[PDB]
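Quick setup: one chain, the form deposited in one PDB entry, written in structure tokens, and binding and motion questions come after.
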């Protein structure tokens, strides 16, 4: 923990103490976990401290040992307040910016919020410019593929009204609907079957000792 003149102050809920006001290039490094003070603001769930971005905190990577930016942390923890504060910070409108940033697992802020069913964070994100159809690198799943895997019906109807392409496949060439087979939720295979392309609905049938989807 290569703590800075703020971690301790941060971890410890303090006033100006945990908010030294200055106002070699004033900055805040990160511990052995690669956490910048701002990450602690989110983890610790104290928006105000984050509210005080002050010197543009880590504007490029600003990541952790898992590859998360503060906003990523806010989205998997589910703190609406932080998503709210960490969003005004005029940097995300840039290129590559957070709304498109991914941790070492290729997860977007949208992905993390979908994984934990935070329907409200998912909505705010897409509203601010997140690609509801962004794909994750392991298998190319979109948040809609994950909602089906997570068997979250509330989540899937919400990705539908946000623009999620019911079609669009995985590296294995499967639509979110093709992932319902073998799972419980009839409600999920009902709100997707209809929408999904006719030939993106059934599963491959033992073809030529392999059986690929083709894409």
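The term rigid core refers to the maximal set of C-alpha atoms that superpose within 1.5 Å between the two forms. Positions refer to the first chain, counted from 1.
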* What is the count, as a class, of unmodelled deposited residues between residue 15 and residue 16: none, 1 to 3, 4 to 9, or 10 or more? -> none
* Asked: Do the C-alpha atoms of 183-191 or of 59-67 have the higher average B factor in the entry?
  -> 59-67
* Mean C-alpha temperature factor, higher of 139-147 and 107-115 -> 107-115
* **Among 89, 77, 133, 127 - the residue whose C-alpha B-factor is largest in the record** => 89
* For the C-alpha B-factor as written in the entry, point me to the maximum among 157, 178, 172, 31. => 31
* **Ranked C-alpha temperature factor of residue 22 among modelled chain residues, by third** => highest
* **residue 121, C-alpha B-factor rank within chain (lowest, middle or highest third)** => lowest
* To do: Tell me, lowest, middle or highest third: where does the Cα B factor of residue 100 rank within its chain?
  => middle
* Asked: Considering only modelled residues of the same chain, in which third does the CA B-factor of residue 152 rank: lowest, middle or highest?
  -> lowest
* Asked: Split the chain's modelled residues into thirds by Cα B-factor; is residue 53 in the lowest, middle or highest one?
  -> highest
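Absent from the display: the form deposited in another entry. The rest refers to it.
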* After superposing the two forms on their rigid core, pick out the one entry in 43, 58, 146, 160 with a CA shift of 2 Å or more between the shown form and the other one. => 58
* Asked: Rigid core fitted, is the C-alpha displacement of residue 87 between the shown form and the other one 2 Å or more?
  -> no
* **Core-aligned C-alpha movement of residue 200 between the shown form and the other one reaching 2 Å** => yes
* in the other entry, do the Cα atoms of residue 177 and residue 199 sit closer or farther apart than here, given a shift of 3 Å or more? -> closer
* Closer or farther in the other entry: C-alpha pair residue 147, residue 92 (3 angstroms or more) -> farther
